[PDB]
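K.L.:
Structure provided below as structure tokens; questions to follow.
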Amino acid sequence: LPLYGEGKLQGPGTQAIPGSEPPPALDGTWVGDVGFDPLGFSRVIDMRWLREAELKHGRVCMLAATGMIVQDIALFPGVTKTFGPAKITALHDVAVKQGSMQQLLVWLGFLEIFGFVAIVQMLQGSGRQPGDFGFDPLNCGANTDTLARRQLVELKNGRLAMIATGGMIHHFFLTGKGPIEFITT
Amino acid sequence: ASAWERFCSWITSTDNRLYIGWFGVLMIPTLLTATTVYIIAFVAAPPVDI
Amino acid sequence: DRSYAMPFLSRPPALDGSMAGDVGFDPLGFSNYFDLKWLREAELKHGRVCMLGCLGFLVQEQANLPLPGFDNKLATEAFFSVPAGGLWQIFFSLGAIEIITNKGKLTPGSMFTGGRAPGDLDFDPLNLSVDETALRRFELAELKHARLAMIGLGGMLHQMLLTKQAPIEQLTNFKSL
Amino acid sequence: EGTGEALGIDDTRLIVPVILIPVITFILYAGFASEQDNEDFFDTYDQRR
Amino acid sequence: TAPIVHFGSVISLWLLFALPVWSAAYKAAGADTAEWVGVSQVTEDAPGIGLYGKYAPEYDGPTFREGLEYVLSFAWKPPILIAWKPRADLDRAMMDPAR
Amino acid sequence: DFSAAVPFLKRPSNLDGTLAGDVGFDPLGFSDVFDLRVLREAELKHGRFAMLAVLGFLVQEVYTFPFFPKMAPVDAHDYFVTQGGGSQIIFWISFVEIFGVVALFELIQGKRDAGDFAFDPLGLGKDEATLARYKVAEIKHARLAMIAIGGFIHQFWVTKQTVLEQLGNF
Amino acid sequence: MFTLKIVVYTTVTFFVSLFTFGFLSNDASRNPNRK
Ligand code: KC2
Ligand SMILES: CC1=C(C#C/C(C)=C/C=C/C(C)=C/C=C/C=C(C)/C=C/C=C(\C)C#CC2=C(C)C[C@@H](O)CC2(C)C)C(C)(C)C[C@H](O)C1
Ligand SMILES: CC1=C(C#C/C(C)=C/C=C/C(C)=C/C=C/C=C(C)/C=C/C=C(\C)C#CC2=C(C)C[C@@H](O)CC2(C)C)C(C)(C)C[C@H](O)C1
Ligand SMILES: CC1=C(C#C/C(C)=C/C=C/C(C)=C/C=C/C=C(C)/C=C/C=C(C)/C=C/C2=C(C)CCCC2(C)C)C(C)(C)C[C@H](O)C1
Ligand SMILES: CC1=C(C#C/C(C)=C/C=C/C(C)=C/C=C/C=C(C)/C=C/C=C(C)/C=C/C2=C(C)CCCC2(C)C)C(C)(C)C[C@H](O)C1
Ligand SMILES: CC1=CCCC(C)(C)[C@H]1/C=C/C(C)=C/C=C/C(C)=C/C=C/C=C(C)/C=C/C=C(C)/C=C/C1=C(C)CCCC1(C)C
């Protein structure tokens with residue numbers, strides 16, 4: 001798994017925190033490794049679980065950010081009748097009573113049972129890498145060098161989407177406005 | 001070499017001044033209760049509507 | 001020569017790697033003064049009770065036999081609703097198995113005379129542990145869940161007593177104070 | 001009195017001692033019993049303790 | 001001769017046949033695959049992991065009665081106040097008069 | 001020969017000078033009568049209590065938690081001895097102090113250093129040199145906070161003015 | 001009244017259980033002619 005940009009991004013000789021050195025778990029092989037782990041979470045918890053959690057959070061939060069934006073730009077027909085005008089976290093409470101969120105929980109949990117099995121199997125030497133669920137129907141990750149880059153994009157956009165979703169939700173708590181309405185203020 | 005075995009040996013011991021044994025386990029408390037209540041009721045007890 | 005769980009304290013001499021739950025934590029040092037086989041058996045037995053007890057708190061609380069005195073969610077107050085008759089015939093069922101599993105040997109001076117390892121009543125229908133590594137990881141998992149479920153039934157029960165609300169209900173209502 | 005309760009047990013509390021104290025005594029007796037040679041014998045009584 | 005007793009009777013025979021059936025299903029197959037192993041997130045270098053799998057530690061220490069007397073000793077003679085007994089090496093028995 | 005802190009007095013014998021913040025100050029001479037390690041542990045524990053108390057005294061005055069009512073620090077003890085929390089805090093302190101007793105028994109046999117509990121959760125003073133400087137800083141700040149907590153509380157009693165208030169208006 | 005009842009039940013059960021499991025503990029062997 002050669003690292004794209006090894007030397008400028010995600011590789012040795014690029015250590016983020018200049019004064020401090022990184023934990024011994026943070027080797028030069030992992031993706032998006034800028035040598036950043038001040039609180040030292042890596043020595044305690046296995047890196048495979050940690051990258052699984054990072055990729056799961058990033059993939060969930062990219063969907064969450066794009067949902068919070070698209071829900072403002074457009075809405076599926078009929079949601080405005082059942083759900084009244086209802087933004088990020090109020091819509092959660094309304095949709096829980098509606099029962100849609102139960103279905104989301106049921107089916108995402110059904111998928112996460114096999115996600116749990118995959119995490120277990122990787123942690124007992126199945127050879128699977130973190131976040132690799134074999135999902136590439138369009139065959140866009142076939143080329144290896146493009147896959148390398150797309151991995152760091154996935155990590156970095158996941159991080160950016162995590163911070164973004166935190167922003168949108170707490171801006172909603174402040175003003176009670178969505179992303180599009182909040183930016184035009 | 002077990003606590004119950006030692007207890008049974010002590011109860012069935014021929015070395016106690018007064019033998020207890022398993023029948024004594026039932027006799028001594030019952031007889032002592034009867035003696036105590038009889039003494040207390042004989043020295044002091046209100047009249048009884050026989 | 002210092003306990004891992006209690007850095008400040010020195011390691012209990014008895015506590016050791018061989019046990020499978022050892023992290024050096026015996027600050028009192030009971031180990032020094034009781035059969036550690038007996039202590040481990042007691043730990044695993046209490047935990048095996050509590051592991052079922054917490055789920056019971058939870059399942060009884062949501063589903064229940066449709067029998068007439070069997071339906072009362074607050075478990076604390078449920079023990080008495082179902083008749084002691086039933087609770088006694090179950091207590092007697094656990095007695096049978098106590099003596100069945102322990103094979104009559106059920107005192108500290110007799111329990112392990114047959115060579116039975118502590119905490120094993122020879123039960124292993126599934127999740128086989130013939131793999132020592134698997135046995136080694138599963139025993140730590142069992143001990144951690146035993147220890148956690150102890151805290152659990154404790155909280156669930158004392159808490160159900162505190163607010164007369166079963167587990168799931170209490171927190172959702174979470175009437176505080 | 002004269003009500004017909006089984007073993008006089010009118011309160012359910014009374015059962016806790018009545019069932020448990022034999023069980024603790026049974027547990028203490030089991031340590032004795034498990035230590036004995038429990039094979040059969042052809043005699044009027046067992047001379048092995 | 002009731003419909004529900006028949007139902008309970010089928011389930012009783014199910015519970016009775018479960019152990020002879022599934023215990024043997026376990027016996028023949030089992031999890032002796034040499035890959036069935038529990039997996040956890042924390043690094044296994046320091047999980048307080050069990051060593052030697054089942055471990056039974058031979059025991060020849062104080063009797064159970066003596067043990068409960070030790071535990072009774074927590075209230076009868078705890079180790080608290082002994083810290084404030086005088087300096088036990090020599091108390092400066094040769095404390096120089098100047099000091 | 002003679003303590004630098006008290007030049008007219010002679011240097012207390014057991015106070016050789018190894019422990020942090022040791023300036024040979026023991027006029028009454030408790031070190032000669034008792035183990036210095038036990039006294040050092042008592043000093044560190046009381047001083048840590050006092051440092052937390054001194055910080056909390058001011059943090060309560062500037063900010064009392066919204067779920068709790070607003071009372072000056074001293075007026076609070078009496079409130080929470082009934083609210084319930086008082087019990088919870090003193091309960092947990094006793095829980096930790098039982099293992100403190102175990103650690104003291106270790107200390108008596110010399111298996112543990114005085115005032116040491118391996119608490120560097122974030123590896124602050126992991127440098128040998130720094131741990132020294134920190135040990136000196138810890139003992140001084142503790143010795144100061146012992147005075148500060150007593151002043152704060154005793155001032156409230158003589159003058160109903162949370163320190164911040166009093167300082168504002170004498 | 002109930003407290004006295006349960007205390008008496010405790011005492012009676014204790015002594016009856018001692019009698020029961022004591023005579024059940026191979027009492028026939030406790031004779032001077034054994035072995
Ligand atoms: C796993 C444990 C367990 C076992 C192995 C077991 C076996 C048997 C057998 C087998 C030989 C018989 C024949 C039998 C019979 C009865 N059982 Mg029992 N039973 C167990 C558990 C419970 C529970 C939880 C309850 C219960 C009850 C009753 C009643 C009610 C009589 C009444 O009250 O009219 C009767 C007649 C209920 C009760 O007594 O209360 C309503 C009750 O709640 N049982 N039970
Ligand atoms: C053994 C074995 C087998 C098996 C098996 C089986 C059936 C195993 C079953 C195991 C079970 C049921 C385990 C349950 C554990 C529960 C825990 C740790 C709960 C913790 C709760 C906590 C900390 C809490 C809390 C709370 C409290 C107190 C307050 C509340 O307000 C909130 C909250 C609710 C959060 C098989 C058959 C495969 C065969 C094999 O050969 C051997
Ligand atoms: C001269 C001399 C010597 C000496 C000496 C000296 C000067 C000794 C001085 C010792 C002193 C000043 C000790 C002070 C201890 C204070 C503590 C433990 C405070 C705890 C506070 C708590 C728990 C609290 C609280 C609270 C807070 C904060 C928030 C409130 O809402 C609630 C509440 C009120 C409960 C030496 C050493 C040489 C010996 C020599 O021979 C003679
Ligand atoms: C739906 C719902 C609810 C809800 C809710 C939810 C889901 C709430 C919360 C959501 C999320 C996504 C929170 C994210 C918070 C992120 C933070 C604070 C980022 C910090 C960044 C830092 C420190 C930056 C660090 C740094 C960066 C990047 C750059 C510089 C270096 C460094 C310092 C390392 C409720 C609770 C209202 C209930 C309701 O009934 C239902
Ligand atoms: C009563 C009570 C409570 C309480 C309480 C509490 C928390 C009480 C706390 C009291 C404290 C901590 C008092 C401290 C006094 C310190 C003194 C006198 C130091 C003098 C040092 C000097 C002169 C140093 C001298 C010096 C020396 C030696 C060396 C250097 C030179 C020099 C500086 C000159 C409540 C609030 C909980 C309510 C409850 O209902 C009951
Ligand atoms: C009363 C009642 C009601 C209804 C049924 C019935 C009548 C039979 C009766 C039954 C009562 C029963 C079953 C009671 C059982 C009591 C139980 C399970 C109590 C549990 C108590 C548990 C407690 C404290 C746990 C506290 C643990 C603590 C701090 C641990 C601290 C810690 C330790 C030890 C090491 C690591 C650090 C950490 C985590 C801080």
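In the structure tokens, chains take the letters A, B, ... in the order shown, each chain's residues start at 1, and ligands count up from 1 in the order shown.
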Mind listing the residues within 6 Å of ligand 5, only C-alpha atoms and all ligand atoms counted, as a PDB file with N, CA and C atoms, in the first residue's frame?

P.N.:
ATOM      1  N   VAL F  74     -18.743  28.839  51.879  1.00  0.00           N
ATOM      2  CA  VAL F  74     -18.927  28.280  53.222  1.00  0.00           C
ATOM      3  C   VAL F  74     -20.391  27.937  53.492  1.00  0.00           C
ATOM      4  N   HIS F  77     -21.550  24.101  52.405  1.00  0.00           N
ATOM      5  CA  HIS F  77     -21.357  22.855  53.120  1.00  0.00           C
ATOM      6  C   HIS F  77     -22.645  22.514  53.825  1.00  0.00           C
ATOM      7  N   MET F 146      -2.358  25.786  51.981  1.00  0.00           N
ATOM      8  CA  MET F 146      -2.807  25.470  53.337  1.00  0.00           C
ATOM      9  C   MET F 146      -3.211  26.743  54.058  1.00  0.00           C
ATOM     10  N   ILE F 147      -2.415  27.793  53.882  1.00  0.00           N
ATOM     11  CA  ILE F 147      -2.704  29.091  54.473  1.00  0.00           C
ATOM     12  C   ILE F 147      -3.905  29.723  53.785  1.00  0.00           C
ATOM     13  N   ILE F 149      -6.558  28.506  52.071  1.00  0.00           N
ATOM     14  CA  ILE F 149      -7.902  27.986  52.341  1.00  0.00           C
ATOM     15  C   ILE F 149      -8.385  28.444  53.711  1.00  0.00           C
ATOM     16  N   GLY F 150      -7.506  28.394  54.716  1.00  0.00           N
ATOM     17  CA  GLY F 150      -7.886  28.849  56.043  1.00  0.00           C
ATOM     18  C   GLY F 150      -8.263  30.316  56.059  1.00  0.00           C
TER      19      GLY F 150
END

K.L.:
Set the cut-off to 8 Å, count only C-alpha atoms and all ligand atoms, and list whatever residues fall near ligand 6 as JSON, numbers by chain.

P.N.:
{"C": [50, 75, 76, 77, 78, 79, 80, 150, 151, 152, 153, 154, 155, 157, 158, 161], "F": [95]}

K.L.:
Include N, CA, C and O atoms and write out the residues we just selected as a tab-separated table (two decimals), in the first residue's frame.

P.N.:
chain	number	residue	atom	x	y	z
C	50	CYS	N	-25.25	-12.45	37.85
C	50	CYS	CA	-25.58	-11.06	37.54
C	50	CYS	C	-25.69	-10.82	36.04
C	50	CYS	O	-26.47	-9.96	35.60
C	75	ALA	N	-38.99	-5.08	38.27
C	75	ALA	CA	-38.52	-6.34	38.77
C	75	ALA	C	-38.47	-6.37	40.28
C	75	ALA	O	-38.92	-7.32	40.89
C	76	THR	N	-37.92	-5.35	40.91
C	76	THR	CA	-37.80	-5.32	42.35
C	76	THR	C	-39.13	-5.68	42.93
C	76	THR	O	-39.25	-6.63	43.68
C	77	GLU	N	-40.15	-4.94	42.54
C	77	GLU	CA	-41.50	-5.25	42.99
C	77	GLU	C	-42.10	-6.45	42.27
C	77	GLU	O	-43.14	-6.95	42.71
C	78	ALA	N	-41.43	-7.08	41.33
C	78	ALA	CA	-41.99	-8.28	40.70
C	78	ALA	C	-41.75	-9.57	41.45
C	78	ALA	O	-42.53	-10.51	41.34
C	79	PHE	N	-40.66	-9.64	42.18
C	79	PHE	CA	-40.30	-10.84	42.90
C	79	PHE	C	-41.42	-11.28	43.75
C	79	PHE	O	-41.70	-12.46	43.85
C	80	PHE	N	-42.17	-10.33	44.30
C	80	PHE	CA	-43.21	-10.68	45.24
C	80	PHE	C	-44.53	-10.96	44.56
C	80	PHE	O	-45.36	-11.69	45.09
C	150	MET	N	-21.90	-7.26	37.77
C	150	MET	CA	-22.07	-7.03	39.21
C	150	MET	C	-22.50	-5.58	39.47
C	150	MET	O	-23.55	-5.33	40.08
C	151	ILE	N	-21.75	-4.65	38.91
C	151	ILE	CA	-22.07	-3.26	39.05
C	151	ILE	C	-23.45	-3.06	38.51
C	151	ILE	O	-24.24	-2.30	39.06
C	152	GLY	N	-23.76	-3.74	37.43
C	152	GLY	CA	-25.05	-3.57	36.79
C	152	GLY	C	-26.24	-3.92	37.64
C	152	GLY	O	-26.96	-3.03	38.05
C	153	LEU	N	-26.45	-5.19	37.95
C	153	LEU	CA	-27.63	-5.55	38.70
C	153	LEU	C	-27.66	-4.67	39.91
C	153	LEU	O	-28.73	-4.29	40.38
C	154	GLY	N	-26.49	-4.28	40.40
C	154	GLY	CA	-26.44	-3.45	41.58
C	154	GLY	C	-27.13	-2.16	41.32
C	154	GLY	O	-27.96	-1.71	42.10
C	155	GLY	N	-26.81	-1.55	40.21
C	155	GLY	CA	-27.38	-0.27	39.91
C	155	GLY	C	-28.79	-0.39	39.49
C	155	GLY	O	-29.63	0.41	39.86
C	157	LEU	N	-30.86	-2.65	40.24
C	157	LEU	CA	-31.73	-2.94	41.35
C	157	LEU	C	-31.85	-1.78	42.30
C	157	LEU	O	-32.95	-1.42	42.68
C	158	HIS	N	-30.74	-1.20	42.71
C	158	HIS	CA	-30.84	-0.14	43.72
C	158	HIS	C	-31.56	0.99	43.01
C	158	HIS	O	-32.33	1.72	43.63
C	161	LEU	N	-35.25	0.42	42.85
C	161	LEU	CA	-35.77	0.74	44.15
C	161	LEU	C	-35.89	2.24	44.36
C	161	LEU	O	-36.87	2.71	44.94
F	95	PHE	N	-13.79	6.21	50.24
F	95	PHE	CA	-13.50	5.07	49.37
F	95	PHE	C	-12.06	5.11	48.88
F	95	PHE	O	-11.34	4.11	48.94

K.L.:
When the cut-off is 10 Å and we count only C-alpha atoms, which residues of chain A are near chain E, given as a PDB file with N, CA and C atoms, in the first residue's frame?

P.N.:
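The new file part.pdb reads:
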ATOM      1  N   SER A  42      -2.961   5.902  20.466  1.00  0.00           N
ATOM      2  CA  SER A  42      -2.596   4.796  19.589  1.00  0.00           C
ATOM      3  C   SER A  42      -1.923   3.655  20.340  1.00  0.00           C
ATOM      4  N   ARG A  43      -1.128   3.958  21.368  1.00  0.00           N
ATOM      5  CA  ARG A  43      -0.437   2.886  22.081  1.00  0.00           C
ATOM      6  C   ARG A  43      -1.411   2.000  22.845  1.00  0.00           C
ATOM      7  N   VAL A  44      -2.523   2.560  23.315  1.00  0.00           N
ATOM      8  CA  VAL A  44      -3.488   1.776  24.079  1.00  0.00           C
ATOM      9  C   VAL A  44      -4.360   0.940  23.150  1.00  0.00           C
ATOM     10  N   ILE A  45      -4.985   1.579  22.160  1.00  0.00           N
ATOM     11  CA  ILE A  45      -5.957   0.938  21.279  1.00  0.00           C
ATOM     12  C   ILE A  45      -5.256   0.541  19.988  1.00  0.00           C
ATOM     13  N   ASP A  46      -5.635  -0.617  19.450  1.00  0.00           N
ATOM     14  CA  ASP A  46      -5.047  -1.087  18.202  1.00  0.00           C
ATOM     15  C   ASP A  46      -5.369  -0.131  17.062  1.00  0.00           C
ATOM     16  N   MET A  47      -4.403   0.019  16.156  1.00  0.00           N
ATOM     17  CA  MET A  47      -4.546   0.968  15.059  1.00  0.00           C
ATOM     18  C   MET A  47      -5.633   0.547  14.081  1.00  0.00           C
ATOM     19  N   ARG A  48      -5.873  -0.756  13.933  1.00  0.00           N
ATOM     20  CA  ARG A  48      -6.919  -1.203  13.022  1.00  0.00           C
ATOM     21  C   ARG A  48      -8.293  -0.754  13.501  1.00  0.00           C
ATOM     22  N   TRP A  49      -8.581  -0.930  14.794  1.00  0.00           N
ATOM     23  CA  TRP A  49      -9.846  -0.448  15.340  1.00  0.00           C
ATOM     24  C   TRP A  49      -9.946   1.063  15.206  1.00  0.00           C
ATOM     25  N   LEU A  50      -8.842   1.764  15.459  1.00  0.00           N
ATOM     26  CA  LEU A  50      -8.862   3.218  15.405  1.00  0.00           C
ATOM     27  C   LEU A  50      -9.158   3.717  13.998  1.00  0.00           C
ATOM     28  N   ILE A 119     -14.895  -6.364  11.641  1.00  0.00           N
ATOM     29  CA  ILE A 119     -13.904  -5.832  12.569  1.00  0.00           C
ATOM     30  C   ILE A 119     -13.272  -6.963  13.369  1.00  0.00           C
ATOM     31  N   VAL A 120     -14.095  -7.903  13.840  1.00  0.00           N
ATOM     32  CA  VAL A 120     -13.574  -9.057  14.568  1.00  0.00           C
ATOM     33  C   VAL A 120     -12.597  -9.829  13.695  1.00  0.00           C
ATOM     34  N   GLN A 121     -13.008 -10.147  12.466  1.00  0.00           N
ATOM     35  CA  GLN A 121     -12.192 -10.982  11.593  1.00  0.00           C
ATOM     36  C   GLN A 121     -10.884 -10.297  11.221  1.00  0.00           C
ATOM     37  N   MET A 122     -10.913  -8.987  10.968  1.00  0.00           N
ATOM     38  CA  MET A 122      -9.662  -8.284  10.705  1.00  0.00           C
ATOM     39  C   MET A 122      -8.763  -8.315  11.932  1.00  0.00           C
ATOM     40  N   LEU A 123      -9.343  -8.171  13.126  1.00  0.00           N
ATOM     41  CA  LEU A 123      -8.514  -8.120  14.323  1.00  0.00           C
ATOM     42  C   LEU A 123      -7.952  -9.491  14.692  1.00  0.00           C
ATOM     43  N   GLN A 124      -8.469 -10.574  14.098  1.00  0.00           N
ATOM     44  CA  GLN A 124      -7.880 -11.903  14.227  1.00  0.00           C
ATOM     45  C   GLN A 124      -7.200 -12.369  12.942  1.00  0.00           C
ATOM     46  N   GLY A 125      -6.608 -11.452  12.184  1.00  0.00           N
ATOM     47  CA  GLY A 125      -5.777 -11.824  11.057  1.00  0.00           C
ATOM     48  C   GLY A 125      -6.499 -12.348   9.838  1.00  0.00           C
ATOM     49  N   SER A 126      -7.665 -11.793   9.502  1.00  0.00           N
ATOM     50  CA  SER A 126      -8.320 -12.150   8.248  1.00  0.00           C
ATOM     51  C   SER A 126      -7.680 -11.488   7.035  1.00  0.00           C
TER      52      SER A 126
END

K.L.:
Mind listing the residues within 8 Å of ligand 1, only C-alpha atoms and all ligand atoms counted, as a ChimeraX atom specification?

P.N.:
/C:67-70,82-90,93-94

K.L.:
To one decimal place, how far is atom 41 (C, counted along the ligand's line) of ligand 4 from atom CA of residue 79 of chain A in Å?

P.N.:
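Calculated distance between atom 41 (C, counted along the ligand's line) of ligand 4 and atom CA of residue 79 of chain A is 18.5 Å.
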
K.L.:
Once you count only C-alpha atoms and all ligand atoms, which residues end up within 7 Å of ligand 2, and could you hand them over as a VMD selection string?

P.N.:
chain C and resid 51 to 52 54 to 55 123 to 128 145 to 146 148 to 149 151 to 156 159 167 to 168 170 to 171

K.L.:
Could you please take those selected residues and save C-alpha atoms as a PDB file, in the first residue's frame?

P.N.:
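Writing the result to part-v8.pdb gives the following:
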ATOM      1  CA  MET C  51     -25.003 -11.429  33.788  1.00  0.00           C
ATOM      2  CA  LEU C  52     -28.378 -13.156  33.547  1.00  0.00           C
ATOM      3  CA  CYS C  54     -29.290  -7.634  34.233  1.00  0.00           C
ATOM      4  CA  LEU C  55     -30.786  -9.075  31.043  1.00  0.00           C
ATOM      5  CA  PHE C 123     -20.194 -26.301  30.790  1.00  0.00           C
ATOM      6  CA  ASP C 124     -19.194 -25.527  27.206  1.00  0.00           C
ATOM      7  CA  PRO C 125     -22.017 -26.226  24.743  1.00  0.00           C
ATOM      8  CA  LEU C 126     -20.785 -23.608  22.279  1.00  0.00           C
ATOM      9  CA  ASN C 127     -17.966 -21.106  21.809  1.00  0.00           C
ATOM     10  CA  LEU C 128     -15.488 -23.883  22.398  1.00  0.00           C
ATOM     11  CA  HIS C 145     -18.419  -9.196  31.987  1.00  0.00           C
ATOM     12  CA  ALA C 146     -18.858 -10.783  35.422  1.00  0.00           C
ATOM     13  CA  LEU C 148     -19.358  -5.353  34.927  1.00  0.00           C
ATOM     14  CA  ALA C 149     -22.662  -7.174  35.451  1.00  0.00           C
ATOM     15  CA  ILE C 151     -22.074  -3.257  39.050  1.00  0.00           C
ATOM     16  CA  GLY C 152     -25.051  -3.572  36.789  1.00  0.00           C
ATOM     17  CA  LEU C 153     -27.628  -5.554  38.699  1.00  0.00           C
ATOM     18  CA  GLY C 154     -26.439  -3.449  41.579  1.00  0.00           C
ATOM     19  CA  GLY C 155     -27.378  -0.271  39.908  1.00  0.00           C
ATOM     20  CA  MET C 156     -30.362  -1.488  38.175  1.00  0.00           C
ATOM     21  CA  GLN C 159     -32.036   2.227  41.051  1.00  0.00           C
ATOM     22  CA  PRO C 167     -34.289   0.126  33.910  1.00  0.00           C
ATOM     23  CA  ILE C 168     -35.174   1.438  30.428  1.00  0.00           C
ATOM     24  CA  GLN C 170     -36.149   5.238  34.531  1.00  0.00           C
ATOM     25  CA  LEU C 171     -33.486   6.715  32.380  1.00  0.00           C
TER      26      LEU C 171
END

K.L.:
Using only C-alpha atoms and all ligand atoms, which residues of the polymer chains come no farther than 10 Å from ligand 4? I'd like the answer as a short mmCIF file (atom, residue, chain, number, x, y, z; two decimals) with N, CA and C atoms, in the first residue's frame.

P.N.:
data_model
loop_
_atom_site.label_atom_id
_atom_site.label_comp_id
_atom_site.auth_asym_id
_atom_site.auth_seq_id
_atom_site.Cartn_x
_atom_site.Cartn_y
_atom_site.Cartn_z
N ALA A 16 3.91 16.99 11.46
CA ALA A 16 2.92 17.85 12.11
C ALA A 16 3.48 18.59 13.32
N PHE A 36 0.64 12.75 14.06
CA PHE A 36 -0.14 13.54 15.01
C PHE A 36 -0.92 12.61 15.93
N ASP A 37 -0.51 12.55 17.19
CA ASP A 37 -1.25 11.85 18.23
C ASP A 37 -0.73 12.32 19.59
N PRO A 38 -0.98 13.57 19.97
CA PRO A 38 -0.42 14.07 21.23
C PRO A 38 -0.92 13.34 22.46
N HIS A 57 -16.69 7.10 11.13
CA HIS A 57 -17.14 8.44 11.47
C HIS A 57 -17.11 9.34 10.25
N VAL A 60 -19.96 8.38 7.83
CA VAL A 60 -21.25 8.78 8.39
C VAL A 60 -21.41 10.29 8.32
N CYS A 61 -20.36 11.04 8.66
CA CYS A 61 -20.47 12.49 8.76
C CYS A 61 -20.50 13.18 7.41
N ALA A 64 -23.95 12.93 6.70
CA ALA A 64 -24.69 13.81 7.60
C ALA A 64 -24.62 15.27 7.14
N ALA A 65 -23.43 15.74 6.76
CA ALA A 65 -23.29 17.11 6.28
C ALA A 65 -24.08 17.32 4.99
N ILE A 88 -32.60 20.21 11.70
CA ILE A 88 -31.71 19.08 11.93
C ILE A 88 -32.15 18.17 13.08
N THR A 89 -32.21 18.70 14.30
CA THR A 89 -32.45 17.86 15.47
C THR A 89 -33.90 17.82 15.91
N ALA A 90 -34.71 18.82 15.56
CA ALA A 90 -36.15 18.70 15.77
C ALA A 90 -36.73 17.63 14.86
N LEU A 91 -36.26 17.59 13.61
CA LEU A 91 -36.72 16.58 12.67
C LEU A 91 -36.40 15.18 13.17
N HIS A 92 -35.30 15.02 13.90
CA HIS A 92 -35.00 13.73 14.51
C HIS A 92 -36.13 13.30 15.43
N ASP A 93 -36.54 14.19 16.34
CA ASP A 93 -37.58 13.83 17.30
C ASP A 93 -38.91 13.58 16.61
N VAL A 94 -39.23 14.35 15.57
CA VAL A 94 -40.48 14.13 14.86
C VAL A 94 -40.45 12.80 14.12
N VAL A 96 -38.67 10.17 14.71
CA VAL A 96 -38.68 9.02 15.61
C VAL A 96 -40.11 8.58 15.87
N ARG A 159 -12.65 13.79 7.97
CA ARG A 159 -12.30 14.69 9.07
C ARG A 159 -12.99 16.05 8.90
N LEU A 160 -12.91 16.60 7.69
CA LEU A 160 -13.55 17.89 7.42
C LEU A 160 -15.05 17.80 7.60
N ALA A 161 -15.66 16.69 7.19
CA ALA A 161 -17.10 16.52 7.35
C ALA A 161 -17.48 16.35 8.81
N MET A 162 -16.62 15.68 9.60
CA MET A 162 -16.87 15.59 11.04
C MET A 162 -16.94 16.98 11.67
N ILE A 163 -15.91 17.79 11.43
CA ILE A 163 -15.90 19.14 11.99
C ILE A 163 -17.07 19.95 11.45
N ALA A 164 -17.39 19.77 10.17
CA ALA A 164 -18.48 20.51 9.57
C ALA A 164 -19.81 20.16 10.22
N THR A 165 -20.09 18.87 10.41
CA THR A 165 -21.35 18.45 11.01
C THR A 165 -21.48 18.97 12.43
N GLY A 166 -20.39 18.93 13.20
CA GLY A 166 -20.41 19.57 14.50
C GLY A 166 -20.78 21.03 14.39
N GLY A 167 -20.21 21.72 13.41
CA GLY A 167 -20.55 23.12 13.20
C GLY A 167 -22.02 23.33 12.89
N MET A 168 -22.56 22.55 11.95
CA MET A 168 -23.95 22.77 11.55
C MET A 168 -24.90 22.50 12.71
N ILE A 169 -24.67 21.43 13.45
CA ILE A 169 -25.56 21.08 14.55
C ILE A 169 -25.50 22.12 15.66
N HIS A 170 -24.30 22.59 16.04
CA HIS A 170 -24.25 23.59 17.11
C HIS A 170 -24.68 24.97 16.65
N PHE A 172 -27.17 25.25 14.61
CA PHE A 172 -28.60 25.08 14.75
C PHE A 172 -29.04 25.27 16.20
N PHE A 173 -28.29 24.71 17.14
CA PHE A 173 -28.63 24.92 18.55
C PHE A 173 -28.59 26.40 18.92
#

K.L.:
Could you list, as a PyMOL selection string, every residue within 10 Å of residue 46 of chain F, counting only C-alpha atoms and ignoring same-chain residues fewer than 3 positions away?

P.N.:
chain F and resi 40-43+49-51+142-143+145-146

K.L.:
Residues within 10 Å of ligand 3 should be enumerated using only C-alpha atoms and all ligand atoms and returned as a PyMOL selection string.

P.N.:
chain F and resi 24-31+39+42-61+64+71-81+86+89-90+93+142-153
